[PDB]
Visitor: 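Please find one structure pasted underneath; my questions will follow.
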Amino acid sequence: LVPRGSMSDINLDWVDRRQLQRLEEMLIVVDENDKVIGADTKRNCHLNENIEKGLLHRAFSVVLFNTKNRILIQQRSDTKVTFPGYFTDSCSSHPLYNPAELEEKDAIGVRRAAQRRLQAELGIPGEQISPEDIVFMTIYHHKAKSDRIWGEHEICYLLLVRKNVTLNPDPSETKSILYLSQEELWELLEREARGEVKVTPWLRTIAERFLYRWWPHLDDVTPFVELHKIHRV
Ligand SMILES: [Ca+2]
Ligand SMILES: [Mn+2]
């Protein structure tokens, strides 16, 4: 049984109606080797009480760069269930349990989900970024807590896009956007480490493990693609 100190455990008063409705999306539950074992809701997949029992889902993170090699850093809206108000990567979300997004060859299901969410969150039309533009790079397995009740536990596909795009972001999803140079991203993380700014834990991981390596090479990142690999971070 899950102990409940009080009914404050069930509080989602900061979350808007749209984000509450999205808690019912059916996600792809996987094992530690990224094999599909079933479906479960966004709500269930992001409860620490379930994550601690091993519940794990497939997800993605996108790093989007313009042609001046600035990265798009989202600030999550204050209405997100997890990490509200935090600065983070360009787009994170999950493929859904449906035929189109379950498709595994060349990670097309995940890349379709990424297009879908770049459109939904940032208002980037499909004409500007299609799945062909979204490059599969590698996979990382991570766990984080947003608060005592909610958190993350993902086999997370790291995807890269380098394109100039237009934005019409959904304020339900996104509070603000920064386009940072590599130097400015390093500075953001230095400030995070002092306590100045809230940043999702996986952004530091992606930056220090991958982005600094890749940045001088954004014109062709194909050497850095890792198949048959899951980083445990
Ligand atoms: Ca998201
Ligand atoms: Mn997740």
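In listed order, ligands and their atoms are each counted from 1. This chain uses plain numbering: 1 for the first residue, then up along the sequence.
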Visitor: Below 2.8 Å, can you find an N, O or S atom of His153 next to the Mn ion (ligand 2)?
Guide: no
Visitor: Do any of the N/O/S atoms of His57, backbone or side chain, fall under 2.8 Å from the Mn ion (ligand 2)?
Guide: yes
Visitor: Any idea which N/O/S atom from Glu154 gets closest to the Mn ion (ligand 2)?
Guide: OE2
Visitor: With the Mn ion (ligand 2) as the reference point, give the N/O/S atom of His46 that is nearest.
Guide: NE2
Visitor: Can we say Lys143 and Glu52 salt-bridge, meaning some charged N sits less than 4.0 Å from an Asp/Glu carboxylate O?
Guide: yes
Visitor: Considering only heavy atoms from C-beta outward, does the side chain of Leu122 approach that of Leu72 to under 4.5 Å?
Guide: yes
Visitor: Below 4.5 Å, heavy atoms only, C-beta onward: do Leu47 and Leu55 meet side chain to side chain?
Guide: no
Visitor: Indicate yes or no: does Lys80 engage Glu121 in a salt bridge with an N to O separation below 4.0 Å.
Guide: no
Visitor: Provide the atom name of the closest N, O or S atom of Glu121 relative to the Ca ion (ligand 1).
Guide: OE2
Visitor: When you check the gap from the basic side-chain N to the acidic O, do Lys145 and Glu152 get nearer than 4.0 Å?
Guide: no
Visitor: Do any of the N/O/S atoms of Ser93, backbone or side chain, fall under 3.0 Å from the Ca ion (ligand 1)?
Guide: no
Visitor: Need the atom name: nearest N/O/S atom of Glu152 to the Mn ion (ligand 2).
Guide: OE1
Visitor: Determine whether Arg117 and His94 make a side-chain contact, defined as any pair of heavy atoms from C-beta on separated by less than 4.5 Å.
Guide: no
